Amino acid sequence: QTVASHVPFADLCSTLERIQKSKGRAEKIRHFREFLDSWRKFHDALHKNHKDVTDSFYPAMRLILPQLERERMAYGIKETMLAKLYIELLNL
DNA sequence: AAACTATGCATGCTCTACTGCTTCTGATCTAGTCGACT
């Protein structure tokens, strides 16, 4: 029962947007700490009858720090390819 | 004089080739991404 299955991507996107918008490092750290605390509290409340489940913050941590992603190889779609694919798919 | 038969013709139908026009498809040239090398 992974926590990421119950956490919408919109919440993470909003947290990242708030972090970027904030000017002082204190506000960014506060936002990230609030998100992490909510995630940890939800994880603790979900896995009550647990057996040392291998569920952690990796699903969100990898997205927050894509540069450290080693499990997944190169996507093969760079900025030019992404722009092209957006053009065909959206039928612009 | 009337009934049956004969030829004769026309037109629509079917097939096979023939030619020319239009559209689809297969072969041939380059941008990007990843990787190799010095």
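Proteins come first, then strands; the chains are lettered A, B, ... in the order of their sequence lines, and each starts at number 1. As a basis for the values below, the full set of heavy atoms in this structure was taken, side chains included, without hydrogen atoms, waters or symmetry mates.
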For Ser5(A) and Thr2(A): C-alpha separation, side-chain torsions, deciding distance, then whether side-chain contact (heavy atoms from CB on, under 4.5 Å) applies. CA-CA 6 Å; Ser5(A) 148; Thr2(A) 59; 3.6 Å; yes
| Donor on one side chain, acceptor on other, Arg18(A) and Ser22(A), under 3.5 Å | no
So, going by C1'-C2'-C3'-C4' where positive is north and negative is south, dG26(B) is south
#### Entry: DNA chain B-proximal residues of residues 83-92 of chain A, any heavy atom under 4.0 Å
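None, since no heavy atom is under 4.0 Å.
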The residue among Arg33(A), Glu34(A), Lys28(A) that forms side chain to side chain contact (heavy atoms under 4.5 Å, CB included) with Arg30(A) is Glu34(A)
CD1 of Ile87(A) to CG of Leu92(A), rounded to nearest 0.5 Å, is 6.5 Å
Would you find a donor on one side and an acceptor on the other, under 3.5 Å apart, between the side chain of [X] and the backbone of [Y]?
| X | Y | result |
| --- | --- | --- |
| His6(A) | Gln1(A) | no |
| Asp55(A) | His43(A) | no |
| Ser38(A) | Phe35(A) | no |

Could you give the [atom1]-to-[atom2] distance, from [X] to [N], as a whole number of Å?
| X | N | atom1 | atom2 | value |
| --- | --- | --- | --- | --- |
| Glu79(A) | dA31(B) | CD | P | 20 Å |
| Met73(A) | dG35(B) | CE | P | 9 Å |
| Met81(A) | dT33(B) | CE | P | 4 Å |

The correct list of stems in which DNA chain B takes part (3 or more consecutive Watson-Crick or G-U pairs, distances under 3.5 Å) is none
message = Does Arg40(A), at its CZ atom, have more than 12 non-hydrogen atoms belonging to other residues, nucleotides or ligands within less than 6.0 Å?
response = no
